[PDB]
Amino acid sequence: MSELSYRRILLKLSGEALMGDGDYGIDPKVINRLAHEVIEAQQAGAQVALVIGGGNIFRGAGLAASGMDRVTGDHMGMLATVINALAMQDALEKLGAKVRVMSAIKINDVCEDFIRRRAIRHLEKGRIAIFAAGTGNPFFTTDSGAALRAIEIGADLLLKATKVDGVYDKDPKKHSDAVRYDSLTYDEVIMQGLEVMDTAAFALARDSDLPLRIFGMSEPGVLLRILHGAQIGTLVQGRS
C-alpha cells in the first residue's frame, strides 16, 4: 500500500507565491521553504508535478504593459515561467531531489520538451516534474496549462494554491462572515457564479472530472496532510 490518499498530484502556484515580501523576483527563504515542502511530499511516496506562474517576473509597467501586444505579452509570460522552473529545480536539487523540467515550447539545453509518455516515466521513477510555458499557446492561462498537464499525466489531484484557503461563500478579504465550502460540484460552481479558474481552464478540468483542491499553503506541513486525505481548503469534484 501507500500511506497517501493521493499518489500522483499536480500542484499549481502563482509566480508571486515565490515573491514573498518583495516586489519582484524570488525570495530565497520562500523558495527554499517550498522546496522542503515538496521534497517532504515525494519522500512520503507522492509522484509530484509542479506548475508555477510567472507574475513575479512578467510584471511592472514596462513588461506587463496594457499597451504591449497580447501574444508578445503571453510569450514574455511563458519565458518567465521557464525562469521560475529553473529556480525551483535548483532549489530542489540542492536538497538532493531528482527533478526534470519540461516546457511546452522547445528551448535547447535549458530544459526538455514536454512529452506525455516521458513525463509519466519521470514521475513513475520518482522524479519531480516541473512544467513551464503552460499550454505553449498565447491566450491561455497558467491554470489551463496546469489542468492540461494534470489530465495528461493522469493526476489524481490538481491542487491550486491561492491567497484564499478554499472557495468561499463570498470573498473573505471583504467579508468576515464568509463561509468556505468543504466540497463542491463543478456545476455548483457554475450555478452560483463562484470564481475558481478562468472559464476555459475550468471547462477543461470539468470535462475530465479532475479532482480540484483549492487551498492556502500558508503553513508548513499542509501538503502532506492533504495527501493523507485532510479536508483542507475546498474540493471541487463531480457533476450535479
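From 1 onward, residues are counted along the sequence shown.
If you average the CA temperature factors over each stretch, which comes out higher, 182-190 or 46-54? In the deposited entry, the stretch with the higher C-alpha B-factor mean is 182-190.
Do the C-alpha atoms of 60-68 or of 199-207 have the higher average B factor in the entry? Per the PDB entry, the higher value belongs to 60-68.
Determine which member of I153, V167, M102, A146 has the highest CA B-factor, using the values in the deposited entry. So the option with the highest C-alpha B-factor is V167.
Is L10 in the lowest, middle or highest third of its chain when residues are ranked by C-alpha B-factor? As the PDB entry reports it, the C-alpha B-factor of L10 lands in the lowest third of its chain.
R117 - which third its CA temperature factor falls in, relative to the rest of the chain: It belongs to the middle third of the chain when residues are ordered by C-alpha B-factor.
Among the modelled residues of its chain, does the C-alpha B-factor of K163 lie in the lowest, middle or highest third? Answer is highest: the recorded C-alpha B-factor places it there.
Lowest, middle or highest third: which one holds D109 when the chain's residues are ordered by CA B-factor from the entry? As the PDB entry reports it, the C-alpha B-factor of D109 lands in the highest third of its chain.
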